[PDB]
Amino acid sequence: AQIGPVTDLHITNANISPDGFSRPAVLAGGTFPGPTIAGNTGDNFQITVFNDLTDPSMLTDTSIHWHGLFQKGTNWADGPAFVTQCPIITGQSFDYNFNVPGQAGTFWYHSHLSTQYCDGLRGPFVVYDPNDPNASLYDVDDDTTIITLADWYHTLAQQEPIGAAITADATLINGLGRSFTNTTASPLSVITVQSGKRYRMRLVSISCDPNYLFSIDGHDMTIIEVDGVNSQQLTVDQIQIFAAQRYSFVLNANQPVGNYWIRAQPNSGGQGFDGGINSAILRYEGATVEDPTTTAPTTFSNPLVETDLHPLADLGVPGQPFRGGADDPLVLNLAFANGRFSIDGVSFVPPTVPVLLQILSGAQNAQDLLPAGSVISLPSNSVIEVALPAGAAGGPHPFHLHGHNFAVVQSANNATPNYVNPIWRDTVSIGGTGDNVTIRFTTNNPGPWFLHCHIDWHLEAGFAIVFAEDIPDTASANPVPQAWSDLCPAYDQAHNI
């Protein structure tokens, strides 16, 4: 069952063994992944999060972010710890009460305190459209068509030793998969289809780090949505999906009744499919209950290339059709050294007072805001351009902007900008050395919006900045409930701050 749009959500510790190895975890709704939160476009979500965490090895505080939802007028509900709230302490609850006007598509929810989402607090979040312009392209779209891709670690997130390399121990597809080392034949996930029907598969990366090469033996995939944005139909046989991205694709169950490998190849950790790692099973009704015997091609025929995507709607691009053709053109210097990332020479360290609270308390320029140099003001009602040139170690880095989606004016591995019809999305690979991935948006959403690499280990190591969008209007635009005002006093009392 899907839950929502008005629902309780309990956060707990428990042991799980998704790849056969037992470890404690941080769970929403008692499961990994968490339950799908869903509603319809424009609905009021009220998600009352109960923090019932008792195991300090994975932190007993928490904060949840509703990834890709714009939160206009509810910046207080966005989730990122010390940007928009103080964390919820154990034994307390908090009602994330917000609305989703003008959005429909595939999203997700995750802890946004430290690297706690790696420990398990990650789930899908779907906003259906009763008048979906893509409705007629498929027959089935429900909880059974959601496909999550997750990295899973046997070492707890807080206990990753500083100075050693971090790689995962299993790829989990719909919460199951097999360990890269000491592989056991634990259960694989099964996605069931009926011969002749068409399915809106909602492909969600809930990854803390690796990108996946996703494919389904014998099948192709027709992409119709990119991070919440309806796309023209694009048929591909493989999708490279970066951390926090979503695609919907039409799967036509048009192959012979049988079993077909679903493949998700991470860019780090175990390479290949030996022992059934990196795999799930696509099973047609009436097939024998047995593993697929299919194989991948040596080379895929039609891999997704981001420049091939275009919006279904005539979304265009704001500003002028050249570099710097914006009201506020920015170029970020994105760097890594000595274990820390930095943006324009500053490494993000979360402040003691959340940025939003600072602004509501009367700090009214970005140079008054802490951390110093990590908060950049944006002017209201203006076209913003942000070039994100790559080269920092640990790439390719998927950059994500809260409160907004954006036109991808230039994509990875292609020096040509597109000022006519590029895809809009909310998380984008900035590519490789020499690249100049560039985004554009307009500022019609007052508040502090986080911008950061979505590799959670990089965010923890400082690869972030806060855009304080329309500081003058932030208080008037984002009235705050008493419960929100109560968070920082309660958090600060519980931690003796």
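Only the largest set of C-alpha atoms that superpose within 1.5 Å between the two forms is called the rigid core. One-based numbering along the sequence shown.
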Completion exercise
170 to 178 or 157 to 165, the stretch lying farther from the shown form in 9 other deposited structures of this protein by root mean square CA distance over structures and residues, after core fitting, is 157 to 165
Exercise for the section: Pick between 95 to 103 and 152 to 160: the one whose mean CA B-factor in the entry is higher. Expected result: 152 to 160
Exercise for the section: Name the higher of the two by mean Cα B-factor in the PDB entry, 406 to 414 versus 131 to 139. Expected result: 131 to 139
Fill in the blank from the handout: Per the deposited entry, the peak Cα B-factor within the set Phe300, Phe249, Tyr109, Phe399 goes to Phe300
Completion exercise
Among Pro266, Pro389, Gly228, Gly286, highest Cα B-factor in the entry goes to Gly286
Exercise for the section: Using the B-factor values recorded in the entry, state whether the Cα atom of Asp52 falls in the lowest, middle or highest third among the modelled residues of its chain. Expected result: middle
Exercise for the section: Report the third (lowest, middle or highest) to which the CA temperature factor of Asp426 belongs, ranking only the modelled residues of the same chain. Expected result: lowest
Exercise for the section: Give the position of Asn445 by CA B-factor within its chain, expressed as the lowest, middle or highest third. Expected result: lowest
Exercise for the section: Consider only the C-alpha atoms of the modelled residues in this chain, order them by B-factor as the entry records it, and name the third containing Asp274: lowest, middle or highest. Expected result: highest
Problem - Chain-relative CA temperature factor third for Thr31 - result: middle
